[PDB]
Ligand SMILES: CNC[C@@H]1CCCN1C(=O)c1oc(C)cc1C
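The chain that follows stands alone, in the form solved without the ligand, written as structure tokens.
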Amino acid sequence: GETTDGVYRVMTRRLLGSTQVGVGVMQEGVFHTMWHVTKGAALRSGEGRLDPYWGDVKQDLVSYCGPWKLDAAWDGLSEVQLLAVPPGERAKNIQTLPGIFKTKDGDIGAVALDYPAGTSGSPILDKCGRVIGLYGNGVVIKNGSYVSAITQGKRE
């Protein structure tokens, strides 16, 4: 089916109507998304079937048709763009300066942008348009707003 590079909605028919459960990135023939979106299940692309290849509940990532391809990193300095793909609304680039997740295992970029859960897996881009991670796994702050980790996989 559709294998072109780009950003995709993940939809289901298992609820009322058609519901966007999340988002992902087709690159080099591999679909990348967040584990919590698909829960490891197979996907449809026209007739095309996409079968999972790699996943880790803890990283909260999953790849389909191959291994994780996306190896760019936040430089820790410059602004980035969430290419947000919200349920039933159009792909819109939002530019922001990441803040920081401080963890015992080290420091991660974080993006403080509020969207519905069905935006999980939207890609985060550097100034060269490279995917430096995915949005939609993080924390709910004092306000009630969401802060997301810039969640990137490891390329082999």
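For every residue, the number given is its place in the sequence shown, counted from 1.
Keep in mind the form solved in complex with the ligand is missing from the figure; the text below concerns it.
Asker: Considering non-hydrogen atoms and a 4.5 Å limit, does the ligand approach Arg130 in the bound PDB entry?
Answerer: No, no contact at 4.5 Å.
Asker: Classify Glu47 as contacting or not contacting the ligand in the bound PDB entry by the rule of any non-hydrogen atom within 4.5 angstroms, answering yes or no.
Answerer: No, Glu47 stays farther than 4.5 Å from the ligand in the bound PDB entry.
Asker: Counting only non-hydrogen atoms and a 4.5 angstroms cut-off, does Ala42 reach the ligand in the bound PDB entry?
Answerer: Yes, contact at 4.5 Å.
Asker: Of 90-115, which residues get within 4.5 Å of the ligand in the bound PDB entry if you count heavy atoms?
Answerer: Stretch hits: zero.
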